[PDB]
Amino acid sequence: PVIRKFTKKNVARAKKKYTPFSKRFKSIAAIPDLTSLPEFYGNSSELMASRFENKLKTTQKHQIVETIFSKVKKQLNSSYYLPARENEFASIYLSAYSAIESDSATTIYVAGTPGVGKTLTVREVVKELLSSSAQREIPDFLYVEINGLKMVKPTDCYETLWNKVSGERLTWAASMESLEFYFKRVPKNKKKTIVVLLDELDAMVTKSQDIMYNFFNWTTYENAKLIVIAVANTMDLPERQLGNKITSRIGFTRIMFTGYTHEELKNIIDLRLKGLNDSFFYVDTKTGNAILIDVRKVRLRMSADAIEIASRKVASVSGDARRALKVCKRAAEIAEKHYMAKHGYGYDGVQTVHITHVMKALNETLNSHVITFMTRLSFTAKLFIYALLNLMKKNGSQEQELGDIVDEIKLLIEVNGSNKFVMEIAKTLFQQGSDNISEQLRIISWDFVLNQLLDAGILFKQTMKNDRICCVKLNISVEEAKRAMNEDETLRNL
Amino acid sequence: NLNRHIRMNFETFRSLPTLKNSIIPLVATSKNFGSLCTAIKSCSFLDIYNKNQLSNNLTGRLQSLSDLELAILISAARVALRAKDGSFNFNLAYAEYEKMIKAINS
Amino acid sequence: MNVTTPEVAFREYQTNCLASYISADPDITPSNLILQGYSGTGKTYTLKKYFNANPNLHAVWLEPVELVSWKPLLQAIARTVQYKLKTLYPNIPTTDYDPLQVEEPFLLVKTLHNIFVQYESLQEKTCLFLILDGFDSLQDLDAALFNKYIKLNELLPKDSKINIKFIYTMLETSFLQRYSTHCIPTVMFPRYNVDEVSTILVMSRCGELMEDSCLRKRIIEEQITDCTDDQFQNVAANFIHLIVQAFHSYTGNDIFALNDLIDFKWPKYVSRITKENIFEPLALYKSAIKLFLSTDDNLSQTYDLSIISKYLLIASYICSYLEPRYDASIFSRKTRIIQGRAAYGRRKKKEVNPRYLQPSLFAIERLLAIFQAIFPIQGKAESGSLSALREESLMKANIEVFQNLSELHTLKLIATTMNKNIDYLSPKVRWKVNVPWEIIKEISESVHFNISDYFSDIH
Ligand SMILES: Nc1ncnc2c1ncn2[C@@H]1O[C@H](COP(=O)(O)OP(=O)(O)OP(=O)(O)O)[C@@H](O)[C@H]1O
Ligand SMILES: Nc1ncnc2c1ncn2[C@@H]1O[C@H](COP(=O)(O)OP(=O)(O)OP(=O)(O)O)[C@@H](O)[C@H]1O
Ligand SMILES: [Mg+2]
Ligand SMILES: [Mg+2]
């Protein structure tokens, strides 16, 4: 008989509990040890780490081709020693080692540009600290990866924390509270040290930082022990979002990683290449498979001076290793494919790459296609932007209507009833040559090209309904617009 | 003719799929072979196409209206010209309209 | 593919276009196509007129004129799709999903994927046709929309025994023009012309009002046995010649409002026609000329109201179309006693007649004053020894005006600064009216007041 006023059936309610742990022992004496526990401290995630391995496996193989450069590409890929950034190693490893010797609640903040080896260097610091756990002389403790960006709702930190320290499922408003219960209310002798590190907080706490406020509020105990870190790019964040009293009372340590020097860059990228540097290969005669120490034995090499210029150009801007390494890989690519194009094998005794093609790879990143495109358009857009600049010359307005520019256009034409190019594009634009066709106030294709440029991004149209008085703006420059303008033989003279 | 329309895309639009759209109906109506021949020779039906294509955008729409609309639109036009922002209202146009008629009948 | 053409009168262009565009085999149909038009052209009439021409092709029909938003379209679609499927494949098994299960196009896509993977086992492939009449005409419409409905053949897997196609219908062309970069097929209908709309109406409404009652009424209200249906259509015809020769000027090339006004004013013309009136329909037209001269299509007195409501409103039109300074000459009657000068009034005429203008503002005290000043005479005196000694025969600030005023803001014939959290009570508030001249005129000669002289002189 009743009717619900609005339905939700595509709901996917999650089976997660509202009773915190605080209400399943009911006294201080009533509690067991988590260390003497099979389900706590994560002895069960491994099965779901291996349950899904087989889902995507095959053994198809037909006429494998394999070539010279690719092995070096994957020598050079980011998925693997480094002595370049080692004083921060010798300092933060010192701090963390002395910290777990102190069993205190210490806190640290680092930032740095994307491409500073921050995640690399840190992941390796703590790998060395894993081997220190394999010393079996330091108290065992446990890592926590925090990729809020690989999380949806930034309160899920607490949820996943509980579902990985316990494997138990709740909502944040039970989990974090049970967790405070887990932290301060719990003594030391059985609670464990855990180490945690936050990644890219610039988007995680965007509203009011009540989450991270809770976090840093957890980081101020003497009965609870933890090892906390975070990552960002900006630096004022601890005092920006909090204010000064909080960030000051906590008294943490601050750092950021910078762009590397060109020499360290080349040192390291070659450090990922010395297994293959200057090496010689046995090489078949049909597929060109480079096989190592109907077959040749040739040498391989790459332009070292090109290493110099390539690292040298991008060490000065940011210091992004990833950029350097992709430049390397793409140079190798153009070398390899030109080589293949030489012989033309199909699809079913020296080899070296040049500073010329290294820079050919490094440069087109900065060489924009927009210019050749805007030069290689039709006449109309060029004409119209030229009229725009004519107006900008007539008034110095920095902005124009539609009606004013269209007036400029018609004037810019009917003045030039004498130039030949405009003589010959004359009748075939309003009614297209023939009779039976009445005139039209505007030209053909003007709406087309308008929207074309709008999609292009150069043109900016405010929100109005009138076709005439709608204000219009250009986005780029007038100089570069002239670097399209006079490139037409007919436009330079008018 | 068809080379000239090739020119047209080369200068008007510089993009193909609109062209394919225009090209389709040519065959799409094509019924026998002598018709195909003569029609793609003259391309006189490109004329019908592109006359009825953007036919009703700005002009033919004003081509089919009463004279009353014209009188009042004039009464709006000349007074917007008299004006700063070109703003206008109902009875204003009615006034200048009747003035026009008084002049005509005078 | 053999397509029977609809041998239509006036759209054999678009007939050619779409009967060429579309046939049973989907391959010779496009992926997405528009049929824009304008109202009255029978674009919607002629689409089904073509489906008459081709029965073995079928289509679904939606009318979001009534829907409001996106999700209700999703729901209606998810309904009609599988409805149509199972209604037309009876033998096929199913697990009919809830259409209300949809709340987002992804969910629509998901459930259609389920529809198809259950309809996997067909003998030949099939494309069907969806119809969204007035997809511009929505009521919370925004601009992030049409591209998405283009992209429905996008995410569908290519191995579909059952596919679909989209159909649209718009008016303005402005928001069409906003999006034609996608190089789309399109077919269109110009607003008709006078012989065209003429013949559309002589072929369309002819049988209707040839077979309405009032004929059969009048023929025997008059009781005249000299008749044939040729002449019935003939007199209807010349009557409509008269209709359109009148009001083509009024409208041009439309049908709907003509049909309305026909229905309304037809019967009075029936009431006039007779034997002489058929033997010579000119004088008949003279005998029914009048509505041609005067549409008059709405419906002595105007109000059954109180008197202050009648007379107070009369004042505010003055206190926002009169200069506050140019009134003290005409709106005074007191005999001066102490020394002091009046002003000169309007030395200069104004040439624009603020009747044409968006009027001004004022505080209320101006009305309190001016209304007392105009007020019809009450408090009748005698010239007696004490009659006028204490009478103070002049209306004063009672409560009744305050409350008969509060009635008016709710009757919305006064306006104020249009406001949520209105407060009638402020020092700062400006007021106004929202009425024309004719409102204030229709009061006057009924109550027998005069103010036309206060306005009739300046321009
Ligand atoms: N000293 C180095 N030794 C070896 N590889 C390096 C070195 N410095 C940078 N790299 C390379 O550059 C990348 C830098 O990674 P980094 O730790 O800076 O990521 P990130 O800055 O945390 O990324 P994001 O800012 O997006 O979180 C590494 O993947 C690594 O391959
Ligand atoms: N080619 C035609 N032949 C015969 N009658 C026509 C033709 N075109 C229009 N009509 C008449 O005009 C009427 C218009 O109907 P309809 O509402 O379909 O017009 P429309 O333009 O589709 O309106 P809407 O804007 O609501 O879609 C039709 O019902 C029909 O009687
Ligand atoms: Mg990182
Ligand atoms: Mg319709």
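Since chain C takes its numbers from Swiss-Prot, the residues it shows come out as 1-299, 319-478.
Every residue gets a Cβ built from N, Cα and C, even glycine.
Database features (Swiss-Prot):
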BINDING   C:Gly37, C:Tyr38, C:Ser39, C:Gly40, C:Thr41, C:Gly42, C:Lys43, C:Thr44  ATP binding site
- Check each residue in the chain of C:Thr41 (ATP binding site) that is at least six apart in sequence and keep those whose C-beta is under 8 Å from its C-beta; list them in sequence order. C:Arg11, C:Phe189, C:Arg191, C:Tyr192
- List, in sequence order, the same-chain residues at least six positions removed whose CB sits under 8 Å from that of C:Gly40 (ATP binding site)? C:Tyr192, C:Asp254, C:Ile255, C:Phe256
- Cβ under 6 Å from ligand 4: which of the binding-site residues C:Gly37, C:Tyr38, C:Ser39, C:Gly40, C:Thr41, C:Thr44 qualify? C:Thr44
- Task: Could you say which of the binding-site residues C:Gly37, C:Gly42 has its Cβ with the most other Cβ atoms inside 10 Å?
- Result: C:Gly37
- In three-state terms from DSSP, label C:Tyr38 (ATP binding site) for me. coil
- Query: Where does C:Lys43 (ATP binding site) sit in DSSP terms: helix, strand, or coil?
  - Reply: helix
- Which residues does C:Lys43 (ATP binding site) neighbour through Cβ under 8 Å, counting only same-chain ones at least six apart? C:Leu35, C:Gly37, C:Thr169, C:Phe189
